[PDB]
Protein chains: 4
Amino acid sequence: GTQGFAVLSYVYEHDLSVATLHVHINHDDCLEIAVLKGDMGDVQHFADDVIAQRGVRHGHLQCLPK
Amino acid sequence: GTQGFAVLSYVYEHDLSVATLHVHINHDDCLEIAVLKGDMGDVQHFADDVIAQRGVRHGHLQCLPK
Amino acid sequence: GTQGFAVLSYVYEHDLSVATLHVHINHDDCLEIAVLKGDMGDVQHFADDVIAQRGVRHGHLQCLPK
Amino acid sequence: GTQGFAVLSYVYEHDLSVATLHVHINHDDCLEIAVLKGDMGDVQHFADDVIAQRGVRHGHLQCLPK
Ligand SMILES: [Zn+2]
Ligand SMILES: [Zn+2]
Ligand SMILES: [Zn+2]
Ligand SMILES: [Zn+2]
Ligand SMILES: [Zn+2]
Ligand SMILES: [Zn+2]
Ligand SMILES: [Zn+2]
Ligand SMILES: [Zn+2]
């Protein structure tokens, strides 16, 4: 459907976010995992904004419609 | 390569695990996110064992080789 | 008050849980952090059950009333 | 001892951080839990810097010496 949850993950260098986990890979890189919930369209747009940022690599969005 | 990190995510109902996050979706379902690190082969085998379990659905493994 | 959030943390070896994080300290010990929300009385009882378990050490409950 | 792990938790509005979890309480407040590891002195200083920030409330540091 259009409503559900999603997992956005990416490596670095809003009422949509349920929880976000930051895990350090090394001195320069942080692995970030964000659990999102709401309208899948708003979820995609959130991921869009994140992936558009410099320093953000390997962005992946796993959608989980209800 | 063969060594790096990985993000295994799945909905429910080892020295490989760096951190695991459990988030409740509702009364019956828990979204689980596991951050793994080590040999990508051991990582895949870990995911294999998890996905083979009854009650585990929508399993996804995102690999991040160094 | 009686309703709010709480952080239960402990070292190892329900609709109350919002999210739980497991972090490995070493081969034998896992640091677990549980974010709880609901009636502070139910929260305390949840922590009670966890701390009563063998293998669970250094249990600490930080309450955050609304 | 002086080396070990620690859990720093606080409500909002480095090679020391192992993992950090952000959980939304509501529109304005985010509950943040940081798992730290290293010299307990460096850990305390990290917590000091965080708690000194405006908007940061209910800061608590649970130390876990090895
Ligand atoms: Zn981060
Ligand atoms: Zn980082
Ligand atoms: Zn779970
Ligand atoms: Zn669950
Ligand atoms: Zn655990
Ligand atoms: Zn463990
Ligand atoms: Zn936060
Ligand atoms: Zn926040």
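Order of listing sets the numbers, starting from 1, for every ligand and every atom in it. Side-chain atoms are counted along with the backbone in the values below, which use heavy atoms only and exclude waters and symmetry mates. Note on naming: letters A, B, ... go to the chains in the order of the sequence lines (proteins, then strands), and numbering restarts at 1 for each one.
For B:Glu32, the N, O or S atom with the smallest separation from the Zn ion (ligand 3) is OE2. Of all the N, O or S atoms in C:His24, the one closest to the Zn ion (ligand 6) is NE2.
Shown here for D:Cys63 and D:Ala6, the closest heavy-atom pair between the two residues is CA-CB, 4.2 Å. Minimum heavy-atom separation, C:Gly1 to C:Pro65: N-CB, 3.3 Å.
At least one N/O/S atom of B:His22, from backbone or side chain, sits under 2.8 Å from the Zn ion (ligand 3).
Of the inter-residue distances, the one linking D:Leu61 atom CG with D:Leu36 atom CG reads 7.0 Å to the nearest 0.5 angstrom. Distance check: D:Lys37 NZ to D:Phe5 CZ gives 5.0 Å after rounding to the nearest 0.5 Å.
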